[PDB]
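In the structure tokens that follow, a single protein chain appears in two forms: structure 1, then structure 2.
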Structure 1
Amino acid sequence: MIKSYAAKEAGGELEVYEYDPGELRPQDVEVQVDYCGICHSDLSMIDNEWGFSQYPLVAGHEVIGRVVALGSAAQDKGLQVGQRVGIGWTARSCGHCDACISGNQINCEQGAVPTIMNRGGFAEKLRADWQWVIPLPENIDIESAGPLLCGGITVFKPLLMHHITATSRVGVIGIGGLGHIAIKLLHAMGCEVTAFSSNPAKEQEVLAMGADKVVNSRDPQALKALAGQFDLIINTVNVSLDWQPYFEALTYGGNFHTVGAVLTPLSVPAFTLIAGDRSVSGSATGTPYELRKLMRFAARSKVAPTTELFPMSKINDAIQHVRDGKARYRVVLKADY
């Protein structure tokens, strides 16, 4: 049995909960949790904000841990017992559809299985397919690496999709967990970087992360002044803002890319897309290769999430901390046991 922290109903506090994982599947890897970040998606799933949560629910999906068991078909896949590894939002894919066999496992045509649906990292152990267990660079900071596995890849993927380079002008809306990692990554890439934030208390630290300037995200006149100045704007905000001034802040050929899980549909004038050949995009975390590459880049560039550590035994205080908007900038749980 595995000891975890589970929600028994939508929006509930987490209780100690033990479950039987069954036998190790042939492709499975069992990982002993050392750290696990807390992601806004974890809150969304606990609260069933998206409509597919099943209870008891063991969330957590930003895991740094060590390999403790390898399935029968997972023995010569480059992993060894004791290896420090990461697990992100996704745990399973089929491996043989066109998407998987082309290196696009996140888009598995059978549906890639989220780690949380499989029982997640708010626990002492968890399991994933070996393809989704991410090897780590030797010198990576272990305490802060966890959020890179979801927050990091999620903002890294648009940089890949839209071919961002050092000459790009990139904005980031919402400097929380995902957003602040975005700022650090763009800085390491030499880009022009603008942070859009609703909290003046964050301004000085966000400038120190590498933002060239911080703009009030809730001021339409501030955005009006930036018309046509961005190649890419990444939205990480989960609430519905006035998006039109951000569309107009795009230069010709520019992209507005949302990774924030905005429930109210975006209102996208066809005339805004036509005049300037603009685009609106989304993406879901990333692929195993993109994760491997991100972790290596972050370690070599010394891009590390700004982290607040909590003991895993105080997970309910940690979760309320995030709900209350106090995460500076990502909360990470250290496993007790």
Structure 2
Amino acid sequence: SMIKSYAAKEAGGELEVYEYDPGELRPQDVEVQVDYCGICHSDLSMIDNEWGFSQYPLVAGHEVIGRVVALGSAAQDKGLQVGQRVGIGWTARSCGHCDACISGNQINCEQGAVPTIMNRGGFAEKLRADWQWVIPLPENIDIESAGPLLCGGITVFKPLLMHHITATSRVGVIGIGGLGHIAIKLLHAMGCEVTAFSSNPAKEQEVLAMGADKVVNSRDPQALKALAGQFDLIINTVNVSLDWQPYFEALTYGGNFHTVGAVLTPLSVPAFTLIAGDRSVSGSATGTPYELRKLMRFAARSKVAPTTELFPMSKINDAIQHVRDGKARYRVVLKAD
């Protein structure tokens, strides 16, 4: 069989129609027909070979909502049926047997979990992934907006799990873009007291409507100092460098500053600041198959969805440029056409 895809033929290149033969389905593989595929900056990073391990032709896309079209020989009794609506996120394969995998922590597999993009992603009519990483979906989920929940959604949901966040938690979110807006929606659904930190507070009382209780300028020193010791958790979602110190001091005792933004400049973390408040600084990215399964359920039940905008896949290069130019409001989703 041939698979029709949109591929980059060189680093930073525009995507071209590219047919490839995937060969026979591996025993653990599931083949999925793409209905929708989100785009995020990680696709751009891979297209651009920002991280140095891209291989060309490169088929990106890792935020897929689609339907099962075929099951490998060892995936025929793994809870999935042909026709079933499913999702595929950033990861497609893990080893299964290392301590991380066998304990249900497959995203941390010791061999390095395999990105979906590496075995050819969702910017295509079809893709394949290991059955463990093919996420079953709730019957009533909104499929047009669900794709980014698999990348951005799980990225901001995971710290809520790691730090045992409940409705009485006081949580701050730095950045109100693609990731930040989903974090605010999820926190609001959890009943938490939510503060957003943004660049432009007055031109974002919109953020209050998203689910924030309070909105503060992310650089305003007096505002930030006044919040000393107030927060159980502050999630950083931006990948630029800020003065982090006031945010560390805004943590209550036992509080956590948690970055899901891949800030390039290392955080400067004074031991005394950690010591004085029994504070922690941590990080994470995407989650396990179980966490993904749980998030999609929670989002469907709570009626939480990312703010998306649809592009036809036939205009995928326009869609990518839209994301590059910072125009996404807030997550671009491709519709397979």
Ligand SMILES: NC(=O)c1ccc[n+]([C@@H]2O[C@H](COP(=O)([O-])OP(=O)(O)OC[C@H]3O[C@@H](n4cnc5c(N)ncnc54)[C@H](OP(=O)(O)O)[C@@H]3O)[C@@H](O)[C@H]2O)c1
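Here the rigid core means the biggest group of C-alpha atoms that line up within 1.5 Å when the two forms are laid on top of each other. Here, a residue number simply tells you its place in the sequence of structure 1, counted from 1.
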* Selected structure - the one that is the form solved without this ligand -> 2
* Structure fact -> After a rigid core superposition between the two structures, the exception among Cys191, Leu223, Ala112, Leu136, its Cα shifting by 2 Å or more, is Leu223
* Asked: Core aligned, does the CA of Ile164 move at least 2 Å between the two structures?
  -> no
* When you overlay the rigid core, is the Cα of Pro200 off by 2 Å or more between the two structures? -> yes
* Asked: Against the rigid core, is the Cα displacement of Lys213 between the two structures at least 2 Å?
  -> yes
* Distance the CA of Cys150 travels between the two structures [rigid core superposed, Å] -> 1.1
* Structure fact -> Using a rigid core superposition, the C-alpha offset of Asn316 between the two structures in Å is 0.9
